[PDB]
Each structure stands twice: as C-alpha cells, then as structure tokens.
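Below sits a lone chain in structure tokens, taken as the form solved without the ligand.
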C-alpha cells in the first residue's frame, strides 16, 4: 500500500532476510519489529522440513542464551522485592559454598560475567552433588571483578540464587511468576503437549534436525522456547511501553556495571552508545568465548534511553538476536532455526533499525 510504513518495513525486511536465508540455508525465520507503538511480524520458510511445516505466528523457537536475560530479570525482581542484594557474596546465599572461592564472588559478579567461571558447564556434571563439589573446589585464575568471561555457569548461579530468594524453584519462578506477569503465554522452559506441534526443529551444522537437551542449570542459561510475538512483548516491556515491581525489575536490568572493550555490561544485557557504529557493534558482539579486561562503573550507570541494548542467543540448531533503542522506542527480534554467524544477525538488525 502507498503512504504506510508497514509496507515500507516489509520491503526492507524481505530484501535482507530472503538473501540471508538463501545463502546460509536457513530453513525458517521470524522477524518482529516494533516502532511508533506498532508491531510488525514477518514469517519466512519452514519450521520443520520433514514433514513440512511452515513458520506461523505460533511457531516456537529456541532462543539459547537470550534465556540469560530472563535469569537477570528474575534476579532484578528479587532485588526490587527486597530479597536479594547484588553486592553480597554468592556464599551468603548458598551456604554450602561458605569457605570456598565464592566467599569473594558477588552476585553481581555472576550477573555480569565477571566471576571468572568458564563458559561451559563441565560435561560430566549431571546432578547437584557433583555441581556443588565442582564449585567448592573451583578457584578463578584472576580475582573476581577484574575480567569478563561470558559464562553459562555464572548465569546458572544467578538464576538459582534469585529463585531461592523468592522461595521457589527456578522453573516455577519463570513459568508460574515471571512469564505470566509479562503476558508471555507462549513462552516455556518445557513445551506442553498442545504446543509440541508448534515447536520448530533446529538444523545443525550437518543439517540434522535437533532440539536442545536440557542439562543441569540449563534452564537459566539456555532453556527458553518462545514465539517472536512473545519476545516482542518482552522488548516492549523493557522499554516501558506496556501496562509496578515488574517494570522496576525490567528497567533495572539495564543498569551498567562494567566496561569491557566496546560494551557496557548490564545485568546480562549488553549495551553500546547510540547512535551506534556498525564496526563497534560487531566488535561488541564478538566477546562470547574469550577473556577481556573488565573495569567497574561505580556508581553504576543508571538505565539509559540513548543506548543500543542487545543480546545474542544460540543453540546447536537455532540462532536468535534482540536489539532495541529505548530513546527511539524501536526494537527487533530475529529468530532462526539454524545457528548462523552473529556478524550477520547484527548487520541485518542494524540495517533494519537504521531504515526506520
């Protein structure tokens, strides 16, 4: 249609996403954009190849490490409810780690990837007893609070501590409290039977259909399955656009606690100044697997409007990205059932938001 922006936006998104899916052999995608208070959802391709099933408004994707921001939101909710202090040590909340290295690791450290815990849970840890034995014996290579090492284990502790401070399991905290209060009714840690037909298959490097296997503390770090529509609601809630403790909690996760390279590290969210240069955005999204120096921001930077806030997420079979700019009330969710390179996710999102 002439003189309407939904047709302009669809043209921009189609022109970027269709060649992206072709050249990377991505079976299906959903892209959700919010601007000017309006929501636009674009679906492409196949949720499953055999039997064939299209991506629909109801399609659930694994979001991988986007899940970390829900653990942060829960910790922030516990903090605004008076149940959790981020500067206290991890062993203050987990008494079985009293006398270990976690006497000198704060909850803020695990919420900002500055504890020094490694990226991946050791593969032979499968129950709580083995987990506690590992954590009691662990020692970081540098003092907690000096370096940033992106960590699934640290995120797991953040979520576990937040849930315990609220008196519930993490799964209960997310599925019975957090997601319902956000109005995200088609977001799950465990997909129910009536939604299994909507659960897209992921396609791995060998193009085999795969679903993520949930291991210990996995819900906190990589467990969320959701629709692009529910995640767009999450983005809008993070920008204060929807109809008080929960809004306070969402906003407070945007507090800036450490500088590392080009990014400001918030509570799991990461941010860059806006307007953002694409080179710095690409550099800031290439920090997933290496150690970097981390410098505290004290007093912490309050949640800002004039910033680009983002998070990548991946599993073996899926690739996701969220970015939003509160000053412009604009945001994007990109979900795919193949794990394609982060530089391509970020570049497409930059091009789409810059077109608005």
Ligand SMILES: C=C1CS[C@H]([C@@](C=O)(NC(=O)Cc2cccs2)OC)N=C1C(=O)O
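Positions refer to the first chain, counted from 1.
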Checklist entry - Taking residue 243 and residue 244 as adjacent modelled residues, how many residues of the deposited sequence between them have no coordinates (none, 1 to 3, 4 to 9, 10 or more)? => result 4 to 9
Checklist entry - So 305-313 or 52-60, which one's hotter by mean CA B-factor in the entry? => result 52-60
Checklist entry - If you average the Cα B factors in the entry, which is higher, 222-230 or 270-278? => result 270-278
Checklist outcome for this item: Entry record, C-alpha B-factors for 259, 98, 147, 254; the maximum is at 98
Checklist outcome for this item: Listed options 137, 117, 75, 174: highest C-alpha B factor recorded at 137
Item to check | CA B-factor placement of residue 319, once the chain's modelled residues are sorted into thirds | outcome: lowest
Checklist entry - Within this chain, which third does the Cα B-factor at residue 2 fall in: lowest, middle or highest? => result highest
Checklist entry - Hey, what third does residue 113 fall into on Cα B-factor, ranked over its chain? => result lowest
Next on the checklist: Going by the CA temperature factor in the PDB record, which third of the chain does residue 192 belong to: lowest, middle or highest?
Outcome noted: middle
Next on the checklist: Is residue 299 in the lowest, middle or highest third of its chain when residues are ranked by C-alpha B-factor?
Outcome noted: highest
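Another form, the form solved in complex with the ligand, is not on view; read the next lines as being about it.
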Next on the checklist: At 4.5 Å between heavy atoms, is residue 133 in contact with the ligand in the deposited complex?
Outcome noted: no
Checklist entry - So, in the deposited complex, is residue 298 in contact with the ligand at a 4.5 angstroms heavy atom limit? => result no
Item to check | in the deposited complex, residue 30 touching the ligand (heavy atom, 4.5 Å) | outcome: no
Checklist entry - Using heavy atoms and a 4.5 Å limit, would one call residue 143 a contact residue for the ligand in the deposited complex? => result no
Checklist entry - Which one, 52-60, 306-314, 22-30, 38-46, holds residues whose non-hydrogen atoms are within 4.5 Å of the ligand in the deposited complex? => result 306-314
Checklist outcome for this item: From 222, 203, 234, 102: within 4.5 Å of the ligand in the deposited complex by heavy atoms is 222
Next on the checklist: Which residue, 168, 242, 119, 278, is the contact with the ligand in the deposited complex, using a 4.5 Å heavy atom cutoff?
Outcome noted: 119
Checklist outcome for this item: Within 285-300, the residues having any heavy atom within 4.5 Å of the ligand in the deposited complex are 288, 289
